[PDB]
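Read top to bottom, the protein sequences are chains H and A.
In the authors' numbering, each number is its position in the first sequence, counted from 1, plus 2.
In the authors' numbering, each number is its position in the second sequence, counted from 1, plus 1.
Since the structure comes first, as structure tokens, the remarks are kept for the end.
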Amino acid sequence: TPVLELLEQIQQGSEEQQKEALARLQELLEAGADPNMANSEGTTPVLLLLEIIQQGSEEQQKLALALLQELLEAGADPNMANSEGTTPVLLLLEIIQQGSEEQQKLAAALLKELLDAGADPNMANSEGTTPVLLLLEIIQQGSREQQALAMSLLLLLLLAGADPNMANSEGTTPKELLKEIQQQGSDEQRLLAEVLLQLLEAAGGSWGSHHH
Amino acid sequence: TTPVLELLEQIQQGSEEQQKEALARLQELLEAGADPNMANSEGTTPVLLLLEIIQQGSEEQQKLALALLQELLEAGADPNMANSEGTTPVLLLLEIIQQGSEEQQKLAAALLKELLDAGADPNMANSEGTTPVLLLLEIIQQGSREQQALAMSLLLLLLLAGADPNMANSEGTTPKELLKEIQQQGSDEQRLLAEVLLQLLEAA
């Protein structure tokens, strides 16, 4: 598909070629290009773009926010997962989980774009890992920068409608993971865990009973 | 005064034997058609008097009054009816947390959820314009480590209920303005809570 190869020519192109990437995508989309056409393995233009961010230079990174808004404005489905079952939001959080501090700041901004585009905050991957459960992993095993960022994004997801009780395939609930963060976490990790544990304990039996 | 108010008055200024059967007595009084909103001469509603009992009462009186609040709210007590000074039940609860024991703090957190489920306005301020969010940030700024964590989760519980994080008080002090102050001179844990709330606000 024309869109997918262009994205491949951005990752596999020069830095000066990157200058023409936003314009080329705009002229390709205006020409009637499908912003959702996946390739043989099911990678969508959004997923490949996030994949470029994950493996690209800082120059390729700053380019991708405009390329994502262009794809989202063109009508890309923000919930279309790849063949493995990885949603753009779950791939974004993996970029935060394993990325540099620069990638962390970017994927945080891209997540807001995806939520605005209409991404499902409860859509899990093939293993049942929800966006909330992955953010709790980022808090438990991430840096002090990742702790605060994953903390605010989790509240952002809860406000967006994420349910803090959905478990994964192994039956691991977010509350079970919060107890782990409290038991063996740092002074700051335990504080974040105690906050989230108190929030859950007061609206766990009925999440949304006061959302009026 | 009002039979509901008279019963509540007998609990705080009475012995412990009166307290055990009080929940049953209120259940039969409300079922008999007693108005759970009738205030006295000073404007104290049955809910506001019950919160006064929690703040000044023994631990026995405290856990009894949490069940008594559920009864009054189910009977149709207004969770937004403030006293003559203009202090709403949620704002009085937070003041109880701000100055109360760890036991009173744990109790008042459950009453806030009961009030919010009843339909309490999360943005209703007092006469001074202090909003529930702004007061919770004060509890975070100058409270204990236990009060820090609890006021934090109550702040998120209020945001989930629809609290606006941009409402300022009468002096024009915004919640973001207070969060920066917590970050500049707060502890390592207070600064983390402030940085979290600052990132959340800037992103939505």
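Beta carbons are placed, not taken as given, at the ideal position from N, Cα and C, and that holds for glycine.
Would you say A:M39 and A:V91 are within 8 Å of each other, going by their C-beta atoms? The Cβ-Cβ distance between A:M39 and A:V91 does not fall below 8 Å.
Are the region 77-90 of chain H and the region 98-111 of chain H touching by the rule of at least three beta carbon pairs closer than 8 Å? no
Of all the residues that make up the region 94-128 of chain H, which are near chain A by a beta-carbon distance shorter than 9 Å? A110, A111, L113, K114 and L117
Who are the Cβ neighbours of H:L67 in its own chain at under 8 Å, not counting the five residues just before and after it? Spatial neighbours of H:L67 in its own chain (CB-CB distance under 8 Å, excluding positions within 5 residues in sequence) are listed in chain order as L108, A111, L112 and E115.
Does the structure place the region 18-35 of chain A close enough to the region 140-153 of chain A that three or more beta carbon pairs sit under 8 Å? no
Quick one: is H:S211 near chain A, going by C-beta distance under 8 Å? yes
Could you check if A:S128 is buried or exposed, using at least 16 other CB atoms within 10 Å of its CB as the buried criterion? exposed
In the region 11-41 of chain H, which residues sit with their C-beta less than 9 Å from some C-beta in chain A, listed in chain order? none
Closer than 7 Å at the beta carbon, the chain A residues around H:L70: Within chain A, no residue comes near H:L70; the closest Cβ sits about 16 Å away, beyond 7 Å.
Identify which residue in A:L202, A:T175 and A:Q142 has its Cα closest to the Cα of A:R192. A:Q142
Start and end residues, alpha helix (DSSP H) containing H:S154: Looking at the DSSP string, the run of the alpha helix (DSSP H) that includes H:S154 is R146 to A162.
Considering Cα atoms alone, identify which of H:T3, H:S59, H:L158 and H:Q62 is closest to H:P47. The shortest C-alpha separation from H:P47 is found at H:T3.
Would you verify that the beta carbon of A:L161 is, or is not, closer than 8 Å to some beta carbon of chain H? yes
Outcome for H:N124 when other beta-carbon atoms lying within 10 angstroms are tallied against a minimum of 16: exposed
Given 8 Å as the limit, is there contact between the region 192-208 of chain H and the region 60-76 of chain A, that is, 3 or more CB pairs closer than that? no
Using the C-alpha atoms, what's the distance from A:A33 back to A:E7? 15 Å
Contact set between the region 180-207 of chain H and chain A, restricted to residues whose Cβ is under 7 Å from the partner: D189, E190, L193, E196, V197, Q200, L201, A204 and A205
Burial state of H:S154, where buried means 16 or more other Cβ atoms lie within 10 Å: buried
For A:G187, is the classification buried or exposed, using 16 other Cβ atoms within 10 angstroms of its Cβ as the cut-off for buried? buried
At a CB-CB cut-off below 9 Å, which residues of chain H make contact with A:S154? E196, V197, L198, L199, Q200, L201, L202, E203 and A204
Using the Cβ count rule (16 or more neighbours within 10 Å means buried), how would you classify A:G58? buried
What number of angstroms, rounded off, separates the C-alpha of A:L156 from the C-alpha of A:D165? 11 Å
Just tell me which of A:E18, A:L70, A:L136 and A:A83 has its CA closest to the CA of A:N41. A:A83
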